[PDB]
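Okay, so we've got the same protein chain twice, two forms, each given alone as structure tokens, structure 1 and structure 2.
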Structure 1
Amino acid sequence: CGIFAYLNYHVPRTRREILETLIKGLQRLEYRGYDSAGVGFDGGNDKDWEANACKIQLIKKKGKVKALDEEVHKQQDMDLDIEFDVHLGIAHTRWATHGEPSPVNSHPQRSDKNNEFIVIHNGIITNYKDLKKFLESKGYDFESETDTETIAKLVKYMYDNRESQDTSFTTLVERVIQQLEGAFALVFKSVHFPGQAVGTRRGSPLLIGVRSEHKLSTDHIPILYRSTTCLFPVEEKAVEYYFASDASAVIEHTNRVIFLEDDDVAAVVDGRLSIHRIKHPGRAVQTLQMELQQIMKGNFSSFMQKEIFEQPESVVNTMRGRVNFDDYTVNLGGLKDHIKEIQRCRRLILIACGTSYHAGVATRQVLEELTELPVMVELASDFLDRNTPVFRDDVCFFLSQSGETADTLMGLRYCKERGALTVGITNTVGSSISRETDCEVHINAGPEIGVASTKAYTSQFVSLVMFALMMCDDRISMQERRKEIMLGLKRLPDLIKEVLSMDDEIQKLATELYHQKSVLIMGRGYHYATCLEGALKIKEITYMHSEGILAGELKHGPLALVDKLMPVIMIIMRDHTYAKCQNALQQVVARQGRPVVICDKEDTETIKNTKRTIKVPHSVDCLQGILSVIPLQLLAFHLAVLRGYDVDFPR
């Protein structure tokens, strides 16, 4: 599920430097999870580089990139010092789908025993059964039980049955994808097209990074259907191309990338990058604000720990350039060309999955208060099962850190067909949801490498609060309320630091629950979402049965679980539901429940009457959710560590 190819055109690189670059790339893709990896590069030890462009070498292995890196440098009859003026190396980390992990099932997949064509693939070819039967009937021997091998054997079939002896590499791949069905991200290499690469995608991300000390011919690559029309360095030839399924494998070399779209066929021929279609439109060369530092653990022992403790910083990034604390105004540039239409709509629909859905639940109330519109928060999978009524005056938000979640994306396309105005709240540039929405409000929390959503939840939280502030910027009666909320956002990053400084108090609680199998997290109002999110975090990370219960529903059944044995965590803040939360607390205690209470620092009443209490600082009622969810993020983290679990391991 990880792609990375490095094409150095007239930028001399030794075989070692090339291989180190490929390994270095896959290391940026490990966090996605994998079971095997491999590389493809020109073999041969001829001192001259061009004479070796007819001998493709493969080194694949079931295991981790480290073991692959060892297998690379641990080779004989492979001189690592040969200098290549032009070379294309491809690398891939595999997530086994068809065929058990193994060296032969690993990528790159080859077209024959001489490696005339090789390909790396992310996705699934649904119709690989029919295609395999055909190529077998035409005389092609398959060695692996993967769907990918179909792609390698097929491009050779097009090459073997080509009309002219000089048909373009692009043409062959075009004829390949036309027969493929499903989702894929592909990178091809062939001895018959030395130094050339061809990338194409359908339902799977694929981008191309570029670097050159010389001026490039354009920043908008025009499309070519079946010169001035392709990207290249102007006065010289030196250039470096980086194909990748994830920007994290590219950002250390360059931040100029091109995001391919479905059925695009990008080709590098003679060092010049062109983009071909079948069927003026074009693909932009854009600058990413991402930095290598943002995807490194740093001094933290895990990504989960880093992304939790850097939340004072990611909250600020989410507000940067949008909230003016000098005159207390909000401006989301992403909506400038749609805000006037959004304010004439009659309903907000928030559609997401998992923790992204919790972000909607966490901001529904304030959205209702400031927009005065109906606000429906839907789970994308259910939203689709029911064929929910959607109308042309609906504003449908789509919350997705990745921007690729299937159900959320399908919900987007469902709402577009019904004429609704779609808004994306993503954390991934170039993602499907950011592209297909009419407009977006990028979360701007930096990449999330951890398996669970920590800083993404809080940055989504803030993003919707800011939108809510935009929707009432013209209402006199709400000026004070907006000022209150914005002072809270001004003070929020320092309050997050204050909560993180209670990490010791959370560890003592993780020790209290170390042996427990269940825990009930109770809350209501602004902290309903805190229950659901904390309970999901503890489920996902700790593997214990944590459940979020709406405090107002205890009397209707769930209160029967409370006794002297069941652990309970209650959230009680100083908002308008304080009196009702005290009642729930009295119901729990009356049934021999001894709960842990997450309450306000100055809530002296509950602190003296409750043994263990996490005392978070006070914020505005519609922002407390961020501060009260953090102790639950840490609790899940510390419980997992206590139990010997790897928090960064995606179980």
Structure 2
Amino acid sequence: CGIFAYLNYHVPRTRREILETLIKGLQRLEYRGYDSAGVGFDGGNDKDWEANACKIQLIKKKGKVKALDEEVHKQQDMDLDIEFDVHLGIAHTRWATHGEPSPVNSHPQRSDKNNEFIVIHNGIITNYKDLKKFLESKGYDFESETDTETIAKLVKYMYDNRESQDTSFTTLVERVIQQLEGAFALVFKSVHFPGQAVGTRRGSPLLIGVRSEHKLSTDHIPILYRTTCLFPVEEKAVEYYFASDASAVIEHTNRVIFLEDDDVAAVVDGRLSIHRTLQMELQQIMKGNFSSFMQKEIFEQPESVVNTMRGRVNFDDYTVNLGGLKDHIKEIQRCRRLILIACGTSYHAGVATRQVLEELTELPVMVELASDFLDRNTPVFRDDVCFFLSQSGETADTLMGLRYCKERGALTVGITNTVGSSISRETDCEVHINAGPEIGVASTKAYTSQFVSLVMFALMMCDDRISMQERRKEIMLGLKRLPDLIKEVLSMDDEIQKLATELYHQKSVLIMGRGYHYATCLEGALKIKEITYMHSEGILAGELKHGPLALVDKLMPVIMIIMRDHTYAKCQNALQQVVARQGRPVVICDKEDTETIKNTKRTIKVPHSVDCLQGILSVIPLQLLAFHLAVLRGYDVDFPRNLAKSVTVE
């Protein structure tokens, strides 16, 4: 889901400049939800913009944002030339996880057939059914099945029973949130409060951008309780940008005000009051010269790996320092167990580093899927160190596992790629993988950056063990050489594309690996599932003989991973078993693995690295393969079907 609104106060914008700003704001947020979209602006065709704020127009349509961009245009009733000196427009892209992604279920919702109050909502109201029966008995009719409509039909109920003729828009919103349960990030608009916007949040992101050629009256808005507002000093020119993400606002200004839970922001008379510089460059959210975000993010891994280690890894003296842990590493080493909790590819990053964490810490290491971790009420203890891997820092199950472990007194550590996220804030300490914004739905650099981050932690946990000095040096030299080796893998892009032309027509593919490459075959199978829609499955190589090997014949595509580590011989037995079953597999192996290369037709030869880093090099070909397969099948790699990025609700 995504939220974006544009409030231009005494900065004249025509109706086309606003609609093109609402759509352009949703395009920056489309990667969070692309099942439907909508916009809410002022209607009417009066040359005097003042006589139009009493008419709200809603243009909602099913599909991505490009389906709404064309629905907004070529309309016969909306004159796009009216100049508005003061105007508020709200927009929203929706991730329809339930029901149909129809225009009636898309946002902004409405409170009646005349649009007196329209709201855009990100989250879930855990008591909308009770609010739907109370509002229906008073005389309100419902049109949609979404839980957002109960917020629109309720802000009007507080307006129809107010005590004074001029109850501020904040008071109406404050009474609403008091009746809403669960999480929500809202942005209201009403004809009765022209140009006024109200932004409240609870368990969901919501910031407010500001731009103005004049000086701002302060840089610390004081929270109020039922010399106070943020506004231009001498003049009135100001532009606000409500949004649930920082990408929809960086293009216009890098000055935002990250709200907090229960903070009811409100723009009145062009002044921002709360009741109760961004460190990002636009180039980071631009595809550049690549045709897709995913392809850029795969080919930027040489850089993102370097950024993850910047200011943390010194190769002249072989020292590792994660500043985020400087005030806890001592207490972390007196703990007795590591628990890694995450979902999806973040969980695979844990599987990919579990062995080296066990090796260098000598502690038990338990890697848990967040959803199952919660279902079982897993035992947690005060001397447990619990890591929570989340590219977004907002994943529902991972965040709930965090609060679960905090309640039991465990030491909590956040491995995130989003500063200010829930997981990064609520953990005792934090490590920011610093991989840059990830716009593609599939995690590519986030995986390898989480990988490297956990290896760097492992290197801190053994920096006082004489017997492990050489092992640490081996690994750090591998990290020094890792960016260049990633480039070597990317230079085989064309070779991967050719092998993809031999598989795009297949329905299934088994990816097999063990040891350090169990995670590789799991993550590779998830990528091929997510963007290619082929039935790809990861199979632990050691488990073939126990049943799954029966599925292999000359028709079943197979990809195997055979690297030069301590499992090489065992991986050769699995390969011999596959061949005996008439399998003709593609083997990802080391360049110097002459034996494997001679006896196998299709081989992807990757350069050798340290055994505990090879997983980074062996997964990249499967990222590229998934990409090429998706292209061959006519799919879009930046907008896979049936889901979006970051699972923040239930």
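Each residue is numbered by where it sits in the sequence of structure 1, with counting from 1. Think of the rigid core as the biggest set of C-alphas that the two forms share within 1.5 Å after superposition.
- Only one entry in 239, 489, 304, 409 has its C-alpha moved by 2 angstroms or more between structures 1 and 2 when the rigid core is superposed, and that entry is 239.
- After superposition on the rigid core, the Cα of residue 594 moves by less than 2 Å between structures 1 and 2.
- Remark: with the core as the superposition reference, the CA shift of residue 139 between structures 1 and 2 reaches 2 Å or more.
- Here residue 619 does not count as shifted, since its C-alpha moves by less than 2 Å between structures 1 and 2 after the core is aligned.
- For residue 631, the Cα deviation between structures 1 and 2 after core superposition amounts to 0.2 Å.
- With both forms fitted on their core, the C-alpha atom of residue 13 sits 8.1 Å from where it sits in the other form; this compares the forms between structures 1 and 2.
- If you overlay the core, the Cα of residue 185 moves by 1.9 Å between structures 1 and 2.
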